[PDB]
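Listed below, chain by chain, are the residues.
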Amino acid sequence: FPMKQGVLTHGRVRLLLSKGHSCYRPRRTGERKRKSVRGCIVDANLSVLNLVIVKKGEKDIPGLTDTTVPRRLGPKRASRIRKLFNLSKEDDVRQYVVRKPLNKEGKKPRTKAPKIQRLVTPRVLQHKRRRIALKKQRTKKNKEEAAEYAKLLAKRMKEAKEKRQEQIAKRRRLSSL
Amino acid sequence: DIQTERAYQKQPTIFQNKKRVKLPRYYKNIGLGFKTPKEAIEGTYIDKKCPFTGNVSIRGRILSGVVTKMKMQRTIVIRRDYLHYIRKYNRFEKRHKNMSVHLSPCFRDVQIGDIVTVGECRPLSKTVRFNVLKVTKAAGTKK
Amino acid sequence: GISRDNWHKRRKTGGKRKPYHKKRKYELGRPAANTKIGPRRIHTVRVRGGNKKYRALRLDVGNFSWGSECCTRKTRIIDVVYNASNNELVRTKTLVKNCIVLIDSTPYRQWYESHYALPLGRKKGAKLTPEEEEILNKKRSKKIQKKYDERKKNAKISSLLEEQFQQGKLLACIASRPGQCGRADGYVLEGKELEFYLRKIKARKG
Amino acid sequence: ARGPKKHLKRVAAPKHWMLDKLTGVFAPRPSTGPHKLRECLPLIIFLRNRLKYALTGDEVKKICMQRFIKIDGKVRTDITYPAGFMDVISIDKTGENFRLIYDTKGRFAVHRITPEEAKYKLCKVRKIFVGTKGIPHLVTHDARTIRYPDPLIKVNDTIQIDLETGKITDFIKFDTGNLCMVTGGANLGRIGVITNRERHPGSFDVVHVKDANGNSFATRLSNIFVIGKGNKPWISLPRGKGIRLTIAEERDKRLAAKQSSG
RNA sequence: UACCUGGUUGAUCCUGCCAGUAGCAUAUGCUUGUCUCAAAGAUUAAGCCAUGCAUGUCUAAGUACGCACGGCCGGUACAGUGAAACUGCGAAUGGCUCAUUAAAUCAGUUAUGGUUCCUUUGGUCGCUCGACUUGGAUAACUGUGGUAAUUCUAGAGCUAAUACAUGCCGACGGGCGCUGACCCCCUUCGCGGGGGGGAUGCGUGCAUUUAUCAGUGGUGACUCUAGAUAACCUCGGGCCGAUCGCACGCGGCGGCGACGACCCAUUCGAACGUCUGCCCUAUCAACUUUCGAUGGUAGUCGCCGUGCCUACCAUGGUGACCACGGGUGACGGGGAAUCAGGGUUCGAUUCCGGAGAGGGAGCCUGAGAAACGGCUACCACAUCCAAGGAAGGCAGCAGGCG
RNA sequence: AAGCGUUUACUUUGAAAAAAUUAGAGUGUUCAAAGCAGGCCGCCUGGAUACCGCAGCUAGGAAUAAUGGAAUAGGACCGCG
RNA sequence: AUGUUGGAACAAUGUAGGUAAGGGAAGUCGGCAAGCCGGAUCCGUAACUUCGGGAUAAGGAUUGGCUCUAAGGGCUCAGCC
């Protein structure tokens, strides 16, 4: 049974765990389940302890301080390339991609490269230029149709008040008979 | 006369404390050809459940019945009589349904036996879903 | 949990209903907010339809209104004196809709001393040491003085409303519902509305 | 239940679709849209069951996504689209245009309209809505929220909108003597002039409609849809022209048609 | 097709019942050559279940550095497939059963002006006065492992978003008002009256809340929608594109789209009400209540109307027209059998609506569940165990026992 | 042309009135139970119609069966002051 | 002034008071003796009956202190006792 960060005991307890909690893998959305977890204070009732060396000592262990395990993946986002090589915000960072060589029997020697994410390209710039056309389309259309309606509202206004004078003239003509 | 509770009852729509140098009483029409009573306009009763000085809208069915009980305050109990046809025996049977109807105090002189006309609206209480629209006088009773 | 269902209780005639289903989710009821006086601590809760309700628990200020002068300002609430629903909501100072509370007068007093610039409150004997309102009382333009002099036609105030301006504590009624929208807005008692609770508060004291 | 329905039984399908009950237990459940479930006709029914281009449901699936079906100015690729009253379903491949018009019975009639007729359709407005900045709005039968309309259009008038631009051209005032289309009930599919309006406050107003052959009848205003002024319609009319001549003479016409040709 | 027959007597005519007669299922016995439809664990056990299956899902268009395949025109990044995984949606539909339930469900009729809303459709979304695209985690993977064991996961390096927070150049150059510096003109001996302009700043998009005031457009009727003034902008802050794919024609603009949201109508539901309708029972005639019973006031909570609940009041409300209560071998209806005419009986059963997943109760997520082919506990039953612990709900299709 | 003109029960009419089932139109599933097709040298067509009582809405009638008018006149009309 | 005296010791048997782990009448002719309950407030209360009773039947809950609120009155609507 895995032990839980910050439980303030040394025995074993059962806790309700939701998404975001340690030692739990949800399957449904908002799923909650009881999980038996061990205490955080270490005593002689343990089997395996995960230990992380922060500061290397002057002695050199052959198992860990000698075996070099490099990075697994190269940086992928466009802005994370700039901070790795201390580049500026104006130069091109596409040629500074961290690619790897590929060599094995049965296949030709190829080279694979990651896709640079959040990088400025003419397709995005065209798409940015596409949505400002809609803003120009919207603002022109509201001004065109409201002025047409305001002209239309003036169009009805001359006929509505002209026919108002027909009733008022009738109101005097009927009273004259 | 009024304001005998813990709180201050008043018409919520109007404002009665504007700068000065009677009350601008709120009243609304109801529709369906029903004439609003004189006492609602000129009276000093205030009630949120009144169909003329309150926030209730009359919709749905319009019924009528005879009033049988008035010991309850601000609401009354009416009686409706009808006959149910049985298809086996070609006869009828007297069945009555006595629902609770809110009585706005705009109608002042209402007597037991008057043929009341009610109107459907939102449920005012657990059983009250009907409000008085007009009070027709009982047969005869000139004294 | 606590639920809002009509079928759990008796009939009109007095007979007992027998349930045919368990508790439904749309009949849900929640514990009361019971907000008090303090720094702003409002908890948002999801409600039916994927909406939000603001469960206030501690509130200090509110956008009360003074309707005769057509002005409203945000002022801090200090005390609760009267509640019509229950007397235990006065001892335990709880804010719900239609509560008679006490507020400071300086947000409204300065508006009288700026837009009209006349002495309100200000028990005679002491003059303003910051001198800002004294500057605002005088030094008007000659063409705007006539417009300023027409502002004194309606510069009269009722004695009861002026009396609570003396101590700086105004009686005001809560109009907004606090546990749902989270705010504590309302209005100041005036005239017939104001004199009614003054009889009731005196009856509360005795 | 615990939510909205998603299936549809074949028995529970409306009678005007005329789907046979021996084929399948289920019915094509119409997707939501500008028309209600019952009086609409899904695009799968109009193709497979009305026009008989398609045989199975997978065959309907492929044709609709070839982008060959253009309903009232916009291509929809859903097989169960709620094609309501007079949706101008335009087919580009054969140059043919369909407008969904009711027959003399309650069924939708397969009416071919001319291409110049396919550019306009008649929509019944529902309410005059004031927008957030004093903006008049009209809501049609297919929920077309048209802002800045003509101010003289009232609650139950009809507007001759234009499909390629989405704007109105003319409108017909609701008045006695104008042509009408009875959209609902026992008189479903009737065409006649309006002769009498009866007012019922609180209840539903009923309007008497005089048929072209003098067969006057009544219908409530909720199932009433004007189509033109006087005796002049604004669209093309199918055979029968919405008369509902009584069943004594459909016996005569069906018998006379067989013996005349031989 | 609206129909009878035998039987009490020594024999007669009646009443009277019994038994024959014909339908309709349910079981069962004997027997059976062909073909077309079609019911089938409802009745006692809504009793218990070995095992197998029944809800998963990718387009050119959200993430592609898994060679797991594979093209060579590459250094201008990913040719293009592609397991997995993050993300999005569905999983609240359908299926089974009829246990509970007697104005209750449900059926006909209306209302939501008393409400919430996934998806779809049609509209809005440079309006606000201050960026050629921000940030850091993490899954897959490498590798260390534990437990007898779970669809158990623990630790260490990493690496992306249509996952998570953040936010602007522009439109934006100025308009409207309020402070209003200060100025001009006329007239008055003179203060005074009127006509005006005005630097500066502030506020000014929609959205939430409070207060106040006049009627663009409607409803049978608004405290409707719109309009104006005064403030408010929920930090457990409301938005106002910090997305992707195909052609590409001319300092930057254009066509075809998908996705994404704020808001309004639309579709779609859900939910409460309104009038009428329900089996038997009096060896059930009075019932309901200060432990809400029926109304009033003020609030809480709720999506909203409401004793739904609370606090203060009135003593009210139903009933012999059967209230209340009990039984029901009662899910209700559309309908089925059977009848000249009327009626009787049935309706577990394919369509509609309600209830449930062994019995209660409570809850997470989600628009929608009090979901159980979702969890959390108790009760009853049952499973593996290394004895430490873990794990289940066939009234879903089969199937097994009773 | 629009509105108001004692109220009902009752009678007539119209709308609103899920399908399936019921009666019933057409149709040689070779017949029939069934099903909604099909027939002619592309066309012709169908997939009707009936009731939905009982309850509720609307419209003609005034016989029958109910309730009521003014007799301490606060009675009905016409001008009124 | 402790009942017609005092002082010092604190042994058994006594007389008069008490307390006892576990069991709870197995003791004894016999629950003898001892022990349980106990006042007040709010619920609730059977068989039987001569309808008056049984009945405080039986069986349950509460009780302290402190700080407040409300109600129940006299003298001229408010004040004062």
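Calculation criteria
Residues numbered from 1 in each chain as written, not as in the entry; some residues may be left out. Chains lettered and ligands numbered in written order. Part of a larger assembly, values for the part shown. Heavy atoms only, no water. Residues with missing side-chain atoms left out of burial classes, pairs and counts. Helix = DSSP H or I, 4+ residues; strand = E, 2+ residues; numbered from the N terminus. Rg over C-alpha atoms; globule rule 2.2 N^0.38 Å. Buried < 20%, exposed > 50% of the residue type's maximum accessible area, 1.4 Å probe, protein only. Areas by Shrake-Rupley, 256 points an atom, 1.4 Å probe, with all protein chains shown as cover. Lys, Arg positive; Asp, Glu negative; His and termini not counted. Charge placed at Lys NZ, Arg CZ, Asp CG, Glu CD. Near = heavy atom within 4 Å. Polar contact = N/O pair within 3.5 Å; in protein donor to acceptor, adjacent residues only side chain to side chain. Salt bridge = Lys/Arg side-chain N within 4 Å of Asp/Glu carboxyl O. Pairing = 2+ DSSP bridges. Nonpolar A, V, L, I, M, F, W, Y, C, P; charged D, E, K, R; others polar. Contact = heavy atoms within 4.5 Å. 1 Å grid on protein atoms, 1.4 Å probe; cavity = no way out; pocket = protein on both sides within 12 Å on 5 of 7 lines; lining within 4 Å. Points joined across faces, edges and corners; volume = space filled by probe spheres on them. Axes fitted to C-alpha atoms, helices over the stretch in contact; angles between N-to-C directions. Left-handed = near helix turned anticlockwise from the far one by under 90°.

Method of determination for the deposited model, per the PDB record: cryo-EM, at 2.9 Å resolution.

Q: How should I be thinking about the overall build of chain B in this particular structure?
A: Check the secondary structure of chain B and you find one helix and six strands. Listing every helix and strand of chain B by position from the N terminus yields α-β-β-β-β-β-β. For chain B, the C-alpha radius of gyration of 18 Å lies well beyond 15 Å, the compact-globule estimate for 143 residues. The C-alpha extent of chain B, read off along each of the three principal axes, is 75 × 35 × 35 Å. Here chain B, with 143 residues, has 34% of them falling under the buried criterion. Surface accessibility of chain B: about 10,000 Å² in total, with carbon and sulfur atoms responsible for 52%. Across chain B, the mean location of the 33 positive side-chain charges is 5 Å away from that of the 10 negative side-chain charges.

Q: Honestly, the protein's contact with RNA strand E in this entry has me stumped. Any pointers?
A: Taken together, 215 residues form the shell around RNA strand E, and within it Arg-32 and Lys-108 of chain A, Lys-97 and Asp-185 of chain C together with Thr-32 of chain D come nearest. Taking the atoms of RNA strand E that fall within 4 Å of the protein, sugar and phosphate contribute 72% of them. Contact between RNA strand E and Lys-18 of chain C: a phosphate oxygen at 3.0 Å from a side-chain N or O atom of the residue. Top element by residues in the surface near RNA strand E is helix α2 (residues 122-175) of chain A. It accounts for 17 residues.

Q: So what exactly am I meant to see when it comes to the pattern of salt bridges here?
A: Side chains that differ in charge, positive against negative, can pair when their charged atoms come close. All names here are of chain D. Enumeration over the complete set of coordinates arrives at 27 salt bridges over all chains. Among the salt bridges present, the one from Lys-121 reaches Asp-87, with a minimum N-O distance of 3.5 Å. Of this pair, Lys-121 sits in strand β7 (residues 120-124) while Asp-87 sits in the loop between β3 (82-83) and β4 (88-91), and the two are 34 residues apart along the sequence. Each member of the pair, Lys-121 together with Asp-87, is buried.

Q: So what exactly am I meant to see when it comes to the sheet that holds strand β14 (residues 191-198) of chain D here?
A: Strand-to-strand pairing in sheets goes through backbone hydrogen bonds, with the strands running parallel or antiparallel. All names here are of chain D. Across the sheet, which stays open at both edges, the six strands sit in the order β16-β15-β14-β13-β17-β18 with antiparallel pairing between neighbours. Taken across any chain shown, the strands that pair with only one partner, and hence form the sheet edges, are β16 (217-220) and β18 (232-233). When strand β13 (residues 179-182) meets β14, the two strands line up antiparallel, connected through three bridges. When the bridges of β14 are listed, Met-181 appears paired with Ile-191.

Q: Help me out: how do you make sense of the protein's contact with RNA strand F in this one?
A: By nearness alone, 28 residues border RNA strand F, and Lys-142 of chain B together with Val-11, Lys-21, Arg-107 and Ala-186 of chain D come closest of all. The contact atoms of RNA strand F, taken as those within 4 Å of the protein, divide so that sugar and phosphate hold 82%. In the environment of RNA strand F, a phosphate oxygen lies 2.9 Å from a nitrogen or oxygen atom belonging to the backbone of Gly-184 of chain D. Between RNA strand F and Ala-186 of chain D there is a distance of 2.8 Å, counted from a phosphate oxygen to a backbone nitrogen or oxygen. Elements supplying a minimum of two residues to the surface near RNA strand F: β16 and α3 (247-261) of chain D. Among the residues making up the surface near RNA strand F, the classes are represented as eight nonpolar, seven polar and 13 charged.

Q: Please clarify how the side chain of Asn-131 of chain B should be interpreted in this entry.
A: Residues and elements named next belong to chain B. The topology assignment puts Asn-131 in strand β6 (residues 130-136). The class of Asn-131 is buried, set by a relative accessible area of 0%. A polar contact is formed between the side chain of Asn-131 and the side chain of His-102, at a distance of 3.3 Å. Beyond its immediate sequence surroundings of up to four residues, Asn-131 is in contact with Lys-49, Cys-50, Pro-51, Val-56, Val-101, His-102, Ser-104, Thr-117, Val-118, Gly-119 and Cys-121.

Q: Explain empty space enclosed by the protein here, please?
A: One simple way to see leftover space: roll a probe sized like a water molecule over the atoms. In this structure, the largest cavity spans a volume of roughly 50 Å³. Forming the walls of the largest cavity are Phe-85, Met-86, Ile-101, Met-181, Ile-191, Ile-227, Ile-235, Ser-236, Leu-237 and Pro-238 of chain D.

Q: I would appreciate a short explanation of the packing of helix α1 (residues 43-51) of chain D against helix α2 (residues 57-64) of chain D in the present structure.
A: When two helices pack together, their arrangement is given by the angle between their axes and by how far apart the axes lie. Residues and elements named next belong to chain D. As a packed pair, α1 and α2 sit with axes 10 Å apart at the nearest point and diverge in direction by 115°. Relative to α2, the crossing made by α1 is right-handed. Side by side, α1 and α2 meet where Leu-43, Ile-44, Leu-47 and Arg-48 of the first sit next to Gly-57, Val-60, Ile-63 and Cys-64 of the second. Here the contact of α1 with α2 is built from residues that sort into six nonpolar, one polar and one charged.

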